[PDB]
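Structural description and commentary
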Amino acid sequence: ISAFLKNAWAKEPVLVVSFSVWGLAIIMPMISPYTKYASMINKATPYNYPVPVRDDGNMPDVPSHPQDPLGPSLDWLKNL
Amino acid sequence: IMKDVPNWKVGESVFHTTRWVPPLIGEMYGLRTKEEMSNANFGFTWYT
Amino acid sequence: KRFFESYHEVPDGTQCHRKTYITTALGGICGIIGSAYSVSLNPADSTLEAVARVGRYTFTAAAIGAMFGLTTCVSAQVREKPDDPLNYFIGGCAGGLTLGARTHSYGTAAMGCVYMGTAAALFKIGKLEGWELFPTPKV
Amino acid sequence: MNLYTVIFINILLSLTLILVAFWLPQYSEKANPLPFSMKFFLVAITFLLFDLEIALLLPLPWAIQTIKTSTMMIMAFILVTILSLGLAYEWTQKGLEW
Amino acid sequence: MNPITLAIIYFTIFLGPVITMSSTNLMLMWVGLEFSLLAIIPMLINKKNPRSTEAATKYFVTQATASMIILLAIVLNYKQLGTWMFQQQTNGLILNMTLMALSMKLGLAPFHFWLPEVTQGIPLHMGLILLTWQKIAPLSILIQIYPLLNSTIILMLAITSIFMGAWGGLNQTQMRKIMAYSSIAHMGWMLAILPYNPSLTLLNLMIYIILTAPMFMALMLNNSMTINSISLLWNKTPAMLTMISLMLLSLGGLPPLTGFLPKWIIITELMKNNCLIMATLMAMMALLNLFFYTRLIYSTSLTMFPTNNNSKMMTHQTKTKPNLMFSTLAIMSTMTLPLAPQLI
Amino acid sequence: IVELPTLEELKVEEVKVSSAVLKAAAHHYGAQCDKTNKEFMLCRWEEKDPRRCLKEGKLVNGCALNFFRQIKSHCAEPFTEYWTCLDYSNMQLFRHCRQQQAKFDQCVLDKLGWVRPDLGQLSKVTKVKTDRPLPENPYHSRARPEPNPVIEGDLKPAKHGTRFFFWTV
Amino acid sequence: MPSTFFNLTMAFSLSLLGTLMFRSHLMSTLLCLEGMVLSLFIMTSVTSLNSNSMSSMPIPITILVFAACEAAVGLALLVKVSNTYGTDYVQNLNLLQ
Amino acid sequence: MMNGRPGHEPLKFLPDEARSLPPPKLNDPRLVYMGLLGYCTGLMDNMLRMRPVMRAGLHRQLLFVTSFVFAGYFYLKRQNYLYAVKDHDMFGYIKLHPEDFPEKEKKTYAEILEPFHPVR
Amino acid sequence: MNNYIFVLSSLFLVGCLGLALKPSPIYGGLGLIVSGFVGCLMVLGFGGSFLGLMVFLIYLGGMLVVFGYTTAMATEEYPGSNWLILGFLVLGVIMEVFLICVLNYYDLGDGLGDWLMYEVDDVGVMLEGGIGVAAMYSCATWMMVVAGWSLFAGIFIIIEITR
Amino acid sequence: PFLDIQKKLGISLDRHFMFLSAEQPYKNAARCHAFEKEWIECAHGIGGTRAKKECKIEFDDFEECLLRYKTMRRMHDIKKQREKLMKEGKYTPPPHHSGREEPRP
Ligand SMILES: CCCCCCCCCCCCCCCCCC(=O)OC[C@H](COP(=O)(O)OCCN)OC(=O)CCCCCCCCCCCCCCCCC
């Protein structure tokens, strides 16, 4: 099997690449340290406006002000 | 003006909810200058 | 449509003119439809030939319509009995006979008379007994 | 609008240039000057079944920015693949071959 | 057929009705109908005989325009109600379109011309699929929308079909077309009760499937597309003569056999709903269907037609057997009547 | 007549400054003038009607003009050099006027004590406490109809059996 | 839109009358058949667009994708016919009578 | 019809509620019929395939008589439920909407006066 | 103008009437290619840049072109002068005007007013077709799969028919 | 539907997008999202036969949020009136028509 690839790399040297990159692209996402961020860098974009919720005093996390230390702070996207 | 003949009630919302119907482009500028209708109805498609 | 219905509104045997007119139209309408199917399928040879067939079927049907209307109305008039399947049967009887003639066949007149008249009579009974056709689902 | 003006001007230029072409000049048998290409038709619907392929692949530019990026990737790969396997069958069928 | 292709097609011919049935978004119901159209056309031209290409080209045009009309109904609804699905409010014309269109794909009544002709040019096998696994899909769409369709039209298409089917059948001598005509008729009864009791449509179908599937595998056991051909059944295979007799009389409504139940309960439901005008006329010409069924009975069983000498040669050779399905579907069909209450 | 506020009422001093300057002083307009702008939104999304939160609207049109008024006295000239280049672009990118940005930020870091937000500190949903009573029955939904009643009990073998034709079952 | 939606609908009916009134060549029909799919595609896209119903835009295209193959099948039947008769006239398709 | 009922099991064969109903006696005439219906299928098969009718496939004969019957118990078990639901549903309505289904008093013949047509 | 759409709509009907008079197989292809151009334009009118261009990209040059292609290969036998058809077509050109006319006097009407772009966000982004068509990959991933099988089994259906 | 293999399997491949009030991409609510809700939370638990008479207020409104025709008749009528009066000069293009009147942010 391994020496059959040798003529298929000498002659037919196209379909080899096309079935070597067809796949390579299926394994790069499953094995990369940085694939988690694509659904996150794309999740941070505030395209529409963030509606604020009414305060009850029962919500400690919700950052009261845009500059509170609380809330979704992305010091990640920076120097991702 | 434009409404002194009979059987007309000004501001006769055609819905029944009484909630805030976001006005339609038409009602907003329509009876206004021919320019306004396009500038609202064709301003963006025409570009920039 | 308020028209055709009128036929039923006035008591039978009365205002035959309207009756005959309405009945003639229905037959004629059927004539057109019938000719249409007859021309669409089993087409003709020349446009004129087919226009003729439309005419033939239309008139024949209009005729059966008229005599039905006329006979039933008059039979009721002369007999003075407005509600009687027999009036209609005589009418249907006649209608069939017109069909028979147009087709130039005594035999057809036979089946035509019996079958057609019976059908019309049943219409009268249907109206008299308030039979419902094509009823809405009431389960 | 502007686009209209341009595309319209572009036409007028084209027409004029054929207007002038048939008029500037101002018999002799000067004017005197087939089987089915089944292969061609095949190639043609191969292109139809593939052009529509692109039409379902053009959303990628705006789906890459979907939250479920993992889902898009998966959905796309299958399309590109199932279409490649189709082409591949054609290959074996030798339909691709001319 | 490269067995792979056979799989893809057959899967589609089977994914076609199944998507229709499972989905609620009408659109997805339309593409279920669309697939079925695409999958059936390859099989129809398998012999690729000159008759076949004619068959498929008709089936396809009739199927395609109806498919487009069904889509138009969905497109119109989308603008009369944002929903992608018929609702109480739906404009009446919107639903009537769907009835006509779907009555074309199913081939009922004044649109009954394509079926007899495509049933004539396709093999006996693909004949069955074209008659019974392609009726499930459209009927599903109708049965789902029954509350909303018109009682008048359905009835007219119902009665017409019964008549056309019966009258057409009387003259036909080609078996494939006798069956095509019967299917038009039975399809008629089915659509008659749809507005009133859909659940009975699903009985008048199954029974039709449990009756027609054995009947066709019978016609092909000896691959006879002629009555003369089925008449020499007594020499080719004598046993099937008994059940072929009962199944055909079962297809018509005669009382001891299973075939009476669909007609009986449809008549009971229509009288419960007061259509004693319509039901009566249907039952009467339904009796015309049995006449042509019994005329075939005469030729195949009650009378023995003369056979050719070479028939002795075919007897010698072992007859490839009829699948088991024939039996299980012949008996469950010819005699289940004693078990009607649980069927309905 | 559908309620439509009097034009007189709608009158409010207005920002009237082109989009470019707003885009320049926006990130500081998110830091400052936030409590006065989020409560408008918190009315706007809760009370779905522009005929009721006009109250807080006039507040937004107010705090903003306040924001700039300080910038106009405090640190106006370096602000003019900032948006004057930013408006030169076709999409008003910060990517170009990046030197004008710090020169305005250090001028405003020292004076007025403002610090421009970090990258993701305007996309978080702050919680704003307000007094507007909760707008119940928003959408003015007329009372709904009741569900069909529920037949109740347990199954018991059917009565007299399938009541079909003489099938004594 | 209400006005226009009419034109498109009648376009579909004029295309309906076309496919239900054949004349010689079949390729004309199939071509007409396609005229409907365009009218349906245009109407579906139009209402989806003025209802701002973006969740439904998938459909306008699914309609085209299915319609294209549908037509592919239709043309292969057509090629099959002018290979068996070579004239593609709806006229000779009558063996099944 | 019965679909759309509250609690309907969207794709289930026989909801557990059908446990409450009595199980079909294995010798219920119907299941016994299904048995005979089955034996006949078997015998018929042998016949169509040209085998000794009764003395062949004695294994199959069993598969048949035992497949049909198996099917029966579990079908009848359901059809029985369906019918039982029908009463639950029907009887309940008669009550929940009582006025529409009012009890009627039937006058003893003494009171009622049906006319007498004489045969003579 | 304001009748930006109507006029076009009218042209779309004219092209459909041309296809309906069943003109010569390829002379009418042009007809489709014309109304496809027209329908491409209307959708653009409503802001469906993507959906619009899509038609101009697939049905116009993909489907239609392949259609005539085949016409040339077969069914372009090019054996009633289309001019007769154009004669009739002209009749319809104004005959349709008649249909519209009755409702014209009856009169929506007076051209086209605000009967387009009913509601558009005067602020905001991501509002654009192609965001909706890209729901094939989020929240509408069943339309995508079934379209796949169409085209995929399409290959197998076509070859099988061709063979 | 006819065979609910979807509810059973719990999958929802065909239900999430059947009405205008379904989840629109990027939460861009469509026109009428308000009504259709009000017209389907009403008809929930009440079958159709009774979603067709008593829940008629919400459809009569939703039939005018989307068709938006009763409006046309109003506006179209208004239009004609203006026309007649204007022809006799009874009515004059409003200051709005005259433009200006302080077009404001
Ligand atoms: C409700 C009653 C309904 C009616 C029941 C009575 C009619 C039953 C149906 C008969 C229909 C066919 C009539 C014509 C049959 C002709 C048979 C024939 O020609 O003989 C050959 C045939 C096959 O031959 P083979 O078995 O291979 O060996 C002999 C080779 N010469 O030989 C055979 O086929 C042998 C096997 C024939 C089938 C046996 C059936 C026996 C009768 C069944 C009666 C059932 C009564 C049920 C009563 C229910 C009451 C509630």
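Definitions and cut-offs
As drawn, each chain counts its residues from 1 in written sequence order, possibly unlike the entry's numbers, and residues without coordinates are not displayed. As they are written, the chains are lettered A onward and the ligands numbered 1 onward, keeping that order. Summary scope: the chains shown constitute part of a larger assembly, and all values are computed over the shown part. The basis for the side-chain values is all heavy atoms of the structure; hydrogens and waters are excluded. UniProt positions are given in the numbering used here, feature names are shortened, and annotations may be inferred rather than shown by experiment. In DSSP terms, a helix is any run of H or I states spanning at least four residues, a strand is any run of E spanning at least two, and both are numbered starting from the N terminus. Taken over C-alpha atoms, the radius of gyration is set against a globule rule of 2.2 Å times the number of residues to the power 0.38. Using a 1.4 Å probe on the protein chains alone, a residue whose accessible area is under 20% of its type maximum counts as buried, one over 50% counts as exposed, and one in between counts as partly exposed. The criterion for a residue being near a molecule or strand is simple. One of its heavy atoms has to lie within 4 Å of it. Counted as a polar contact is a pair of N or O atoms within 3.5 Å, where, for protein atoms, one must be capable of donating a hydrogen and the other of accepting one, and residues adjacent in sequence contribute only when both atoms are in side chains. Note on areas: Shrake-Rupley with a 1.4 Å probe; residue coverage comes only from the protein chains shown. We call two residues in contact whenever any of their non-hydrogen atoms come within 4.5 Å of each other. Two parts placed together each lose some accessible area under a 1.4 Å probe, and adding up what both lose gives the buried area. We define a salt bridge as a side-chain nitrogen of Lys or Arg found within 4 Å of a carboxyl oxygen belonging to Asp or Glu. Each residue is assigned to one class: nonpolar for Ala, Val, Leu, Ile, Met, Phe, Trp, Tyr, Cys and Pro, charged for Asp, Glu, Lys and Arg, and polar for all the others, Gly among them. Here, the term disulfide refers to a pair of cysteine sulfur atoms separated by no more than 2.5 Å. Like-charged residues within 9 Å of one another, or nonpolar side chains (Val, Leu, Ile, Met, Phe, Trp, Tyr) within 5 Å, are grouped into patches, provided each residue has over 30% relative accessible area and no salt bridge. Here the nonpolar core consists of buried residues drawn from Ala, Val, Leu, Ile, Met, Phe, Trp, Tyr and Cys, with membership extended through side-chain atoms lying within 4.5 Å. For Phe, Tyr and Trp, where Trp contributes only its six-membered ring, two rings pair if their centres lie within 6.5 Å, and the inter-plane angle classes them as stacked under 30 degrees, edge-to-face over 60, or tilted in between. Ring-over charges, as used throughout, are those where CZ of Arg or NZ of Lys falls within 6 Å of the ring centre and within 35 degrees of the ring normal. Every angle, taken between N-to-C directions, lies between 0 and 180 degrees, and every axis is a line fitted to C-alpha atoms, over only the stretch in contact when it is a helix. Any angle from 65 to 115 degrees is called roughly perpendicular, while one under 35 is roughly parallel, one over 145 is roughly antiparallel, and all others are oblique. The crossing is said to be left-handed when, going from far helix to near helix, the turn is anticlockwise and less than a right angle, and right-handed when the turn is clockwise.

Looking at the entry header, you'll see cryo-EM listed as the method and 4.2 Å as the resolution.

Where the PDB entry is consulted, chain H appears under the name NADH dehydrogenase [ubiquinone] 1 subunit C2, with the organism given as Mus musculus. The record deposited in the PDB is entitled "Respiratory complex CI:CIII2, type II, Wild type mouse under cold temperature". The UniProt entry for chain H carries the following text under Subcellular location: "Mitochondrion inner membrane".

Under the annotation held in the PDB entry, chain E carries the name NADH-ubiquinone oxidoreductase chain 2 and is attributed to Mus musculus. The annotation that UniProt attaches to chain E under Function (literature references left out) is "Core subunit of the mitochondrial membrane respiratory chain NADH dehydrogenase (Complex I) which catalyzes electron transfer from NADH through the respiratory chain, using ubiquinone as an electron acceptor. Essential for the catalytic activity and assembly of complex I (By similarity)."

**Focus: the overall build of chain H**
Per the secondary structure count, chain H includes 2 helices and 0 strands. Computed over its C-alpha atoms, the radius of gyration of chain H comes to 25 Å, more than 25% above the 14 Å expected for a compact globule of 120 residues. Viewed in the frame of its principal axes, chain H has a C-alpha envelope of about 70 × 60 × 25 Å. For chain H, buried positions account for 33% of its 120 residues.

**Some thoughts on the site of the ligand**
Taken together, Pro-238, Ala-239, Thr-242, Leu-246 and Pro-256 of chain E together with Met-47 of chain H make up the full set of residues adjacent to the ligand. The ligand is flanked by residues contributed from chains E and H. The side chain of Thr-242 of chain E places a nitrogen or oxygen atom 2.5 Å from an oxygen atom of the ligand. The fraction of the free accessible surface of the ligand (1,100 Å²) that becomes covered by protein chains is 28%. Broken down by element, the shell around the ligand gets its largest block of residues, 3 residues, from helix α13 (residues 239-251) of chain E.

**Quick word on the interface of chain G and chain I**
Listed as interface residues are 59 residues of chain G and, on the opposing side, 60 residues of chain I. In total, chain G and chain I occlude about 5,200 Å² of area from one another, counting both sides; carbon and sulfur atoms represent 79% of this. Looking at the side of chain G facing chain I, the largest losses of area belong to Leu-31, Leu-38 and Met-54 of chain G, adding up to 12% of the total buried there. Summed over the shared surface of chain G and chain I, the result is 0 salt bridges. Our count for the chain G to chain I interface comes out at 10 residue pairs in polar contact. Elements with a contribution of two residues or more to the side of chain G that touches chain I: α1 (2-19), α2 (26-50) and α3 (58-84) of chain G. With 20 residues, α3 of chain G is the single largest residue contributor to the side of chain G that touches chain I. Its residues assigned to classes, the side of chain G that touches chain I shows 38 nonpolar, 18 polar and 3 charged.

**Section: the interface of chain G and chain J**
If you look at the interface, chain G gives 7 residues, while chain J gives 8 residues. Summing both partners gives a buried area of about 700 Å² for chain G against chain J, and 58% of it is carried by carbon and sulfur. When the buried area of chain G at its contact with chain J is split by residue, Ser-51, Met-54 and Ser-55 of chain G rank highest and sum to 59% of it. For the pair chain G and chain J, the number of links is 0 salt bridges. For the interface between chain G and chain J, the tally reads 4 residue pairs in polar contact. Residues belonging to the side of chain G that touches chain J are distributed by class as follows: 2 nonpolar, 5 polar and no charged.

**Description of the state of the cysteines**
Residue and element names in this part refer to chain F. Under the criterion given, the structure shown has 8 disulfides over all chains. Disulfide partner of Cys-75: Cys-107, at an S-S distance of 2.0 Å. Here the residue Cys-75 occupies a position in the loop between α5 (54-73) and α6 (77-86), and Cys-107 occupies one in helix α7 (residues 99-110), the gap between them amounting to 32 residues. Take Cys-75: its relative accessible area is 7%, and that puts it in the buried class. Using a relative accessible area of 14% as the deciding quantity, one classes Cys-107 as buried. Linked covalently through their sulfurs, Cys-85 and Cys-97 form a disulfide whose S-S length is 2.0 Å. Of this pair, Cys-85 sits in helix α6 while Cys-97 sits in the loop between α6 and α7, placing them 12 residues apart in sequence.

**Section: unusual backbone geometry**
When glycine is set aside, most residues are seen to have a negative phi, and most peptide bonds are trans. Despite not being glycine, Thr-18 of chain B shows a phi value in the positive range, around 75°. Inspection of the secondary structure assignment puts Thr-18 of chain B in the segment before α1 (25-29). The exposure class assigned to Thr-18 of chain B is exposed, which follows from its relative accessible area of 56%. Positive phi, normally seen in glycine, also occurs at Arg-100 of chain J, with a value near 55°. Residue position: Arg-100 of chain J is located in the segment after α4 (69-87).

**Describing a nonpolar patch on the surface**
Among the surface-exposed residues, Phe-6 of chain G together with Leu-91, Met-95, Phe-98, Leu-99, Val-102, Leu-103, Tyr-105 and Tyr-106 of chain I lie close enough to one another that they form a single nonpolar patch of about 990 Å² accessible area. Per-element accounting of the nonpolar patch gives the leading share, 8 residues, to helix α4 (residues 82-106) of chain I. For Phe-6 of chain G, the position within the fold is in helix α1. What makes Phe-6 of chain G partly exposed here is its relative accessible area of 42%.

**Considerations on the pattern of salt bridges**
Counted by the stated rule, this structure contains 27 salt bridges over all chains. Residue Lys-58 of chain E is joined to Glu-54 of chain E by a salt bridge in which the shortest nitrogen-to-oxygen separation is 3.5 Å. Of this pair, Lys-58 of chain E and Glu-54 of chain E both sit in helix α3 (residues 50-80), 4 residues apart, which is roughly one turn of that helix. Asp-45 of chain H is paired through a salt bridge with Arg-49 of chain H; the nearest N and O atoms lie 2.7 Å apart.

**Overview of the UniProt feature "transmembrane region" in chain H**
The UniProt record marks residues 57-76 of chain H with the feature "transmembrane region", using the residue numbering of this structure. Along residues 57-76 of chain H one finds 95% helix and 0% strand; the C-alpha atoms at either end are 28 Å apart.

**A short note on the nonpolar core**
Among the nonpolar cores identified, the biggest contains 270 residues, and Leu-44 and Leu-142 of chain E are the most heavily contacted of them. With 17 residues, the single largest contributor to this core is α3 of chain G. Not counting chain neighbours up to four residues away, the residues in contact with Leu-142 of chain E comprise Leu-99, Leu-102, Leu-106, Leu-149, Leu-191 and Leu-194 of chain E. Ranked by size, the runner-up nonpolar core spans 19 residues in total, among them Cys-75, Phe-79, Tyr-82 and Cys-107 of chain F.

**Focus on the packing of aromatic side chains**
Enumeration according to the criterion identifies 45 aromatic pairs over all chains in this entry. Between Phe-40 of chain D and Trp-98 of chain D, the ring centres sit 4.5 Å apart and the planes meet at 70°, which makes this aromatic pair edge-to-face. With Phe-40 of chain D in helix α2 (residues 38-55) and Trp-98 of chain D in the segment after α4 (69-93), the pair connects residues that are 58 residues apart, well separated along the chain. Owing to a relative accessible area of 53%, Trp-98 of chain D belongs among the exposed residues under this scheme. One residue, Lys-3 of chain B, lies across the ring of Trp-8 of chain B, its end atom 3.3 Å from the ring centre. The ring centre of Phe-291 of chain E lies 5.4 Å from the NZ or CZ of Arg-295 of chain E, which sits over that ring.

**So, the side chain of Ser-224 of chain E**
For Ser-224 of chain E, the position within the fold is in the loop between α10 (198-221) and α11 (227-231). Ignoring anything within four residues of it in the chain, the contact list for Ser-224 of chain E reads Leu-124, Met-175, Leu-219, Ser-229 and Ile-230 of chain E.

**Some words on the packing of α13 of chain E against helix α17 (residues 324-334) of chain E**
All names here are of chain E. Two numbers describe how α13 lies on α17: the axes approach to 10 Å, and their chain directions differ by 45°. Between α13 and α17, the interaxial angle falls into the category oblique. Relative to α17, α13 is oriented so that their crossing is left-handed. Taken together, the residues of α17 that come into contact with α13 (itself represented by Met-240, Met-243, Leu-246, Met-247 and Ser-250) are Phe-326, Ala-330, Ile-331, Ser-333 and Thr-334. The class makeup of the residues in the contact of α13 with α17 is 7 nonpolar, 3 polar and no charged.

**What to know about the packing of helix α1 (residues 29-48) of chain H against helix α2 (residues 58-96) of chain H**
All names here are of chain H. It is at 8 Å that the axes of α1 and α2 come closest, and there the two elements cross at 150°. For the crossing formed where α1 meets α2, the hand is right-handed. Only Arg-60, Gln-61, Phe-64, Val-65, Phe-68, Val-69, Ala-71, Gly-72, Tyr-73 and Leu-76 of α2 make contact with α1, whose side of the interface consists of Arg-30, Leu-31, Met-34, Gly-35, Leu-37, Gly-38, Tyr-39, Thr-41, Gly-42, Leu-43, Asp-45 and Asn-46. The residue inventory of the contact of α1 with α2, partitioned by class, reads 12 nonpolar, 7 polar and 3 charged.

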